[PDB]
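Contents: one structure, followed by commentary.
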Amino acid sequence: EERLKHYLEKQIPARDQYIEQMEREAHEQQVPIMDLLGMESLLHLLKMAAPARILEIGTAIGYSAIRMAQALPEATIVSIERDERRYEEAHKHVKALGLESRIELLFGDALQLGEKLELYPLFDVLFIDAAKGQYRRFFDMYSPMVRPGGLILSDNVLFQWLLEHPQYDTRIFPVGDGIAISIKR
Amino acid sequence: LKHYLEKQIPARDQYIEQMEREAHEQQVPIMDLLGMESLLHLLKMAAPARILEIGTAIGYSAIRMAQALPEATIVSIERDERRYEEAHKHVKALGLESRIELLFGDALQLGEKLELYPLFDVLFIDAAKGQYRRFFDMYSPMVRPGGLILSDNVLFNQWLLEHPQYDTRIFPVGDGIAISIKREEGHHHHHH
Ligand SMILES: [Mg+2]
Ligand SMILES: [Zn+2]
Ligand SMILES: [Zn+2]
Ligand SMILES: [Zn+2]
Ligand SMILES: [Zn+2]
Ligand SMILES: [Zn+2]
Ligand SMILES: [Zn+2]
Ligand SMILES: [Zn+2]
Ligand SMILES: [Zn+2]
């Protein structure tokens, strides 16, 4: 509701000038990114969970990975990105902010990166956007890489096997178009 | 979407359901069901070991948190003698006495007692109950860095939002829940 959203949106502080330009670039180049309010909510949920390690599927231009790394200065992010041009942009944006060492960008097809990643230590958080497709495939491949007690955040989940998945305690939260928060048993 | 979220509620133990109807029929402060379910999920996500609550009422929130977090301990403070006695019986009913410690007293008079306890991961207070700000100031130093202060009934706030030692956001669930995350000479002047 506009009243409530006006109230909640006035609470959003300014980002780094470089980050605000990234937001403009994404709009200009029709690259979806999370809305400012949804993003502040997600970053707050992550701060509450206090993760050391985050795996994100679908880097795009690196906006979400950079926002997370900046909000969680002691976390490390691994982010997977298909395409070279978005991947290339993302790499430069990460480097621009000196975040190479805390954001590992993997290029490219998450489907043939799972063999690499299974030698990594378990992740505290997995972030997947159901809207980028192959949702069931990435959940299956990467959920085993999340620690017990850990979180899978599924953006756009409703846009049932998840909700009824025996190993996960799942609830949908009103962030953006609905985000599933699944806590691993 | 918002209609789907409206219905997102699993059945509670019959005894808990009876406590809910009782709170309603007897007009005892109780967290609304959708806010409660969201709060419990956020707590599970944060995995706190030690929770302090100011305002036990009849023990509904203490009980539901203890049930959601089987490893955690809860300390809860209530000033109304009738409510405290009822809460104590409900806690006993459910076999939860070893994990829920109920204190009868005025929280604003119990600071020195509570200082003795180990730091809490979560402080739960109610923006709709009296003395909210005094409770915040008094008990926030008893929360660990990185810990949470959760405030119920925040929408249905400037001082809270700009209080320096906390990173606070308001979540639009139930009646509004604020989640505040705790941040980490004289003659001497001669000679130096
Ligand atoms: Mg309420
Ligand atoms: Zn750029
Ligand atoms: Zn390939
Ligand atoms: Zn929408
Ligand atoms: Zn009524
Ligand atoms: Zn839950
Ligand atoms: Zn009763
Ligand atoms: Zn204060
Ligand atoms: Zn209400």
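Proteins come first, then strands; the chains are lettered A, B, ... in the order of their sequence lines, and each starts at number 1. Order of listing sets the numbers, starting from 1, for every ligand and every atom in it.
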N, O or S atoms of the protein lying under 2.8 Å from the Zn ion (ligand 8): B:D137 OD1, B:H163 NE2
Centroid-centroid under 6.0 Å between B:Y132 and B:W159 rings: yes
Around the Zn ion (ligand 4), number of protein N/O/S atoms which are nearer than 2.8 Å: 1
Pair listing, salt bridge (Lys or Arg N to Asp or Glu O under 4.0 Å) test, anchored in residues 27-41 of chain A, at least two apart: A:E40-A:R67
Nearest atoms (heavy-atom pairs only) where B:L5 meets B:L34: O-CD2, 3.2 Å
Identified side-chain hydrogen bond (donor to acceptor under 3.5 Å, both in side chains) counterpart of A:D124 within the set A:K184, A:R147, A:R53: A:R147
Salt bridge flag under 4.0 Å for residues A:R136 and A:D140: yes
Min side-chain heavy-atom separation B:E185-B:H192 under 4.5 Å: yes
With sequence neighbours excluded, residues passing ring pair (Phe, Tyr, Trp, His ring centres under 6.0 Å) with A:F159: none
Test item: A:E56 side-chain N/O and A:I80 main-chain N/O as donor-acceptor pair under 3.5 Å: no
Closest non-hydrogen atom pair between A:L126 and A:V146, with its separation: CB-CG2, 3.6 Å
